[PDB]
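J.: This one's experimental. Sequence and coordinates below.
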Amino acid sequence: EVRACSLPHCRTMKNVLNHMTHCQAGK
Ligand SMILES: [Zn+2]
């Protein structure tokens with residue numbers, strides 16, 4: 001989840017789909 005991310009890139013509009021696409025935060 002972009003909300004749980006620590007990157008300034010993913011932190012934009014909260015596009016979780018855009019974050020998980022490159023970041024790890026499944027289940
Ligand atoms: Zn991220």
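T.: Structure received. Numbering: from 1, shown residues only.
J.: Burial check on residue 18, number of neighbours?
T.: The criterion is other CB atoms under 10 Å. On that basis, residue 18 has 14 neighbouring residues. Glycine gets a C-beta too; all of them are placed from N, C-alpha and C.
J.: So it sits against residue 2, correct?
T.: Yes: using CB atoms under 8 Å, residue 18 makes contact with residue 2 at a distance of 7.1 Å.
J.: hey, what's in contact with both of those two?
T.: In the contact map built from CB atoms under 8 Å, 6 or more residues apart in numbering, the residues linked to both residue 18 and residue 2 are 10, 12.
J.: Distance check, residue 15 against residue 25.
T.: Distance of residue 15 to residue 25, computed by CB to CB, to the nearest Å: 13 Å.
J.: tell me which parts of this structure are close to the ion?
T.: Where proximity means CB under 5 Å from the ion, the interface of the chain facing the ion comprises 5, 7, 10, 19, 23.
J.: Separate out the buried members of those residues.
T.: Of the members of those, the ones counted as buried by neighbours, 16 or more other CB atoms under 10 Å, are 5, 10, 19, 23.
J.: Apart from its neighbours in sequence, what residue is nearest the second one?
T.: Going back to what we said before, that points to residue 10. In space, not counting the residues next to it along the chain, residue 10 is nearest to residue 19; the distance is 4.0 Å by CB to CB, 6 or more residues apart in numbering.
J.: can I assume that neighbour is in contact with residue 8?
T.: No: here residue 19 does not reach residue 8: they are 11.8 Å apart, not a contact under CB under 8 Å.
J.: so is the nearest residue to residue 4 once chain neighbours are set aside in a helix, a strand, or just coil?
T.: Distance criterion CB to CB, 6+ apart; nearest residue to residue 4, sequence neighbours excluded, is residue 25 at 6.0 Å. Following DSSP: H, G, I helix; E, B strand; the rest coil, we place residue 25 in the coil state.
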